[PDB]
Structures are given as C-alpha cells and as structure tokens.
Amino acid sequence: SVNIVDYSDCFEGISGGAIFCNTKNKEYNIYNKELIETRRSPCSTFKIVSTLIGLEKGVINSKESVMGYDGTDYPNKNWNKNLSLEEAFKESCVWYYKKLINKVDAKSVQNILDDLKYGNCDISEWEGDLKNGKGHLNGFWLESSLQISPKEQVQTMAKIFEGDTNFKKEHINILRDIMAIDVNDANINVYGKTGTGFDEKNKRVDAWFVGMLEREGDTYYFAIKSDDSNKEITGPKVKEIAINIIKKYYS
C-alpha cells in the first residue's frame, strides 16, 4: 500500500523527497515520488555498502579494524590518525574507505552491486570525478559513475538488514552498531548515514540521509534526499529534516 504523503512542513522550504517503507506490513510512504525514483550519486551513503564489502573480503574484520594510516596531512583533525572502522564511518573518513575499496578487485565489487541491485551498478569511473582536482579523495561513488535512487536505497537497506543477502550476520551486526545514532528518544532506534555532493551538471546538491528506524516491533527503511540548488544544504542538514519527520510522523 503506497501512500503519497506531504512532509513539506519538515523540509522548511528545501527541495527534496522522502520514502519510508515497512516491509512487514508492506506500507510505503512517499513524499515527492518523482524525486524518490530519480537516480543520483550516493556519495558517502555508499560507506554502508563499502563497509560490508570490506568485511566480506576480509580487508577489515571488526569495528576496531584499522587501515594503516600513513601520516598524510588532512584538515579534519580526526582523519590524521590510525582510526578504527567505527570512527572512520562516523567521521565519514574518505581516505580510509578509499584505501579499503582499492584493496578489492573490480569484478567482486561489480558482482556484489549486481546482487544488491545497487542502482545502475556502474563502477566504470573507478577512480571517480578527477576533474574536481581532489585526486585520491575521489571514487566511483562520489559524484561519478555510480547512481542510485532513494527508492533503490531503501530496497537495498531492507534486503541487507532483513537478512535477505548472503552477507554474514556478524558483519550486518557490525554495520548496525556503527550506524546507530542518538536522537534523544529511547522509544525508537535510528540508524543511518549522511552523504553530501554537488551535481555540477544540474547545479544541484545531492544531500542524503539513508537508514532505518525501529519502533516497537515495526521497522521502517528510509531515504531522505534533497536536490536543492542552495549549496548550503548538506547531508547533515537533511539528517536533521529526517529526524524531524521521524519524530513527528513515526513516533
């Protein structure tokens, strides 16, 4: 049962869409259907899947696992250390996940994305959008060849966390641990990841918050996405919109 809904009051004037789906009672709530079906770069939301790839291939093993920091200077304080999987995920540390993915052969990544139906599954621009000048701080998942819609994000999240993939339960639980967020409401468990990019072609942001909500037996998989032309709209801003929607409509 697909319900078209109006969450515009929570977007406080920012252009975007939201989809919340409960796979038990098959209830899909959609705000801005056209946007929810449009494929865009996942940006840092891809760290959800990249974490599972690294765990499955043995590049990392636990939420403590390290990737061998080499001393490179970065402006984010917390990137300048041999950080663990759990801290790299929470700090959205690009060098950690770039080094992780570059230890995996392209055919393995292709087959996993194909199995997950991860959007267009297009990893052809492996090294990413090099024309932005950021060099090694780039990859196929960051405003580059790989694109996925908010609906497809929710479908992927649901397949993973309902246990319908071949990923190990141990590895799923590590991901659950590191994605948990504190929304100052103990009656719901929220998990998610932000992402931020700028679509230079269309001059619009790609700002994301993707994840899941558990509340008293029911689970909702969700994706909130802005395509606003205002460059101040970031992943963290869209997460704030997402939490307001959760608190108002899913409590």
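Just count from 1 along the sequence shown to find any residue number.
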For 144-152 versus 177-185, entry-based mean Cα B-factors point to 177-185
Assert higher mean C-alpha B factor (194-202 or 219-227, deposited values) equals 194-202
Among 34, 64, 56, 70, highest Cα B-factor in the entry goes to 34
Split the chain's modelled residues into thirds by Cα B-factor; residue 30 lands in the highest
Among the modelled residues of its chain, the C-alpha B-factor of residue 131 falls in the third labelled highest
The third of the chain into which the C-alpha temperature factor of residue 170 falls is the highest
